[PDB]
Every structure is written in structure tokens, then in C-alpha cells.
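Peer 1: Quick one, what's the 3D model for this:
(one chain, ligands or ions: 2)
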Amino acid sequence: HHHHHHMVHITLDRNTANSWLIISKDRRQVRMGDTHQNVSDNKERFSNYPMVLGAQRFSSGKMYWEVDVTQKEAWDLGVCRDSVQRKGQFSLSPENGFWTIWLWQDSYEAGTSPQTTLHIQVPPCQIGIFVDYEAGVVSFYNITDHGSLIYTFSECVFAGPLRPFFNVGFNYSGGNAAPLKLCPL
Ligand SMILES: CCc1csc(-c2cnc[nH]2)n1
Ligand SMILES: CCc1csc(-c2cnc[nH]2)n1
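Peer 2: Residues are numbered from 1 along each chain as shown. Ligands and ions are numbered 1, 2, ... in the order given. Let me share the structure:
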């Protein structure tokens with residue numbers, strides 16, 4: 001793809017993080033802690049899942065960023081409305097304000113309702129995410145496989161400002177402790 005010149009510097013917003021997440025000093029990495037990280041609760045924190053938002057809000061233009069997912073067994077990535085539900089149980093869908101893909105149990109799926117099977121021959125170590133606000137597009141790219149297309153959400157109805165969205169996943173298996181990392185430009 002040729003989206004690299006729309007690169008944006010994303011940082012993670014601590015205040016939105018599930019209380020078990022550990023965000024690095026530079027706000028560019030996040031991992032699941034083995035316990036509560038000793039922060040106060042607030043109405044913004046994701047309560048049920050190991051999720052966090054980027055600080056940046058997008059309401060126009062074209063944006064591109066990359067995320068490192070090396071050795072993880074489970075994660076969700078994409079964008080979401082600024083006003084998505086934070087508390088309780090919910091599914092990742094455009095109806096609920098999410099445009100995402102994930103890895104779960106050795107399969108990759110797009111967060112449509114119902115979910116869509118993805119066809120990935122080369123397991124990605126880094127994912128590229130492209131948003132075209134005006135066109136209503138969110139696309140995902142396999143950086144490990146020379147930028148090949150993973151999935152395009154088109155005819156998106158964003159209906160609000162967008163934020164970068166991350167889920168590091170649970171670590172019940174002991175094989176999913178590795179971080180998500182925002183890759184340098
Ligand atoms: C919306 C994120 C979500 C729904 S259910 C779920 C889960 C992860 N592991 C077991 N269940 N995560
Ligand atoms: C890792 C996927 C896998 C292993 S063995 C297998 C399969 C065997 N027979 C049909 N399908 N699929």
C-alpha cells in the first residue's frame with residue numbers, strides 16, 4: 001500500500017485503561033499486569049476487558065499507524081467512536097461503534113456482526129491501520145507480508161470522533177503476556 005505518508009504519532013490514554021494494564025512511560029506500549037495496578041476507578045475505564053484508547057481524536061482526514069503484536073495469542077485492534085460503552089459486557093461491532101480485527105484461538109476475524117473469517121497465510125508481527133474519515137473506510141494491512149491487505153470496512157457510519165482502540169487480551173494460558181507496541185514512523 002501507499003498510506004505510509006499519513007502516519008500519525010499515537011499515544012495511549014492512561015485514564016481509559018482497564019485497571020490491570022501497564023502502560024510504558026512513553027505511552028507507546030501496553031501489557032496485561034498479573035494484578036490491579038493501584039489506580040482509582042472512573043467512568044472512562046474499560047471494566048470487563050483489557051482495553052485502552054489512544055489519546056488522539058480524529059474527525060476528518062486520512063490517518064495511518066502501526067502496531068507490533070509479536071508472539072501474542074489474542075488481541076483486538078482498530079478504531080472506535082469516542083462514546084463507546086466502557087462498563088459491562090458488549091460485542092465489538094460497527095453497531096456498537098467499533099471497527100476492529102482480532103486474533104483468537106489461532107484464527108483471525110473482522111469484528112462485523114456476525115464476525116467475518118480473515119484469510120492470512122503469513123501470521124502478522126505488525127499490523128497497519130488506515131482510516132479515511134471522509135470516505136468512511138478503515139483498512140488493515142499485514143506489514144510482515146509486504147503490506148498485503150487483511151480487511152476493509154467500507155460504508156462506515158462513524159457518527160462521532162474516532163479514537164485508536166486496543167485490547168491486549170487476557171492471559172489465562174500464560175502464553176499471552178507480551179505487549180502491544182506502537183511502532184516508530
Ligand atoms: C468485547 C470484548 C470481549 C467480549 S467477550 C471477551 C472474552 C475474552 N476472553 C473471554 N471472553 N472479550
Ligand atoms: C493448524 C490447522 C490444522 C492442523 S491439522 C488440520 C486438518 C487436518 N485435516 C483437516 N484439517 N488443520
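Peer 1: so which strand or helix has the most centrally placed residue in the chain?
Peer 2: Geometric centre of the chain, nearest residue: residue 77, 2.3 Å, by CA atoms, centre = their mean. In the assignment (DSSP states H and E), residue 77 maps to strand 75-81.
Peer 1: What pairs with the helix or strand where residue 53 lies, parallel or antiparallel?
Peer 2: Using DSSP H and E, residue 53 sits within strand 51-53. Each strand paired with strand 51-53, and its direction, by DSSP bridges: strand 162-167 (antiparallel).
Peer 1: Check what contacts the partner strand and list those residues.
Peer 2: 10, 12-13, 30, 49-54, 56-59, 65, 67, 75-82, 98, 100, 102, 129, 131, 133, 180 (CB atoms under 8 Å, 6 or more residues apart in numbering). To be clear about C-beta, it is placed using only N, CA and C from the backbone, and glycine gets the same treatment.
Peer 1: Tell me how far the very next helix or strand once past the strand holding residue 53 lies from the chain's centre.
Peer 2: Sequence order places strand 62-68 as the next helix or strand after strand 51-53, per DSSP H and E. Taking CA atoms, centre = their mean, to the nearest Å, one finds strand 62-68 lying 10 Å from the centre of the chain it belongs to.
Peer 1: what helices or strands is strand 62-68 leaning on?
Peer 2: Judged by 3 or more CB pairs under 8 Å, 6 or more residues apart in numbering; DSSP states H and E, strand 62-68 is in contact with strand 126-132, strand 180-182.
Peer 1: what's near enough to touch the one residue in the chain that gets nearest to ligand 1?
Peer 2: Closest residue of the chain to ligand 1, CB to the nearest ligand atom: residue 49 (4.5 Å). Neighbouring residues of residue 49 by CB under 8 Å, 6+ apart: 18, 167.
Peer 1: what do you get for residue 55?
Peer 2: Residue 55 makes contact with 10, 11, 12, 13, 27, according to CB under 8 Å, 6+ apart.
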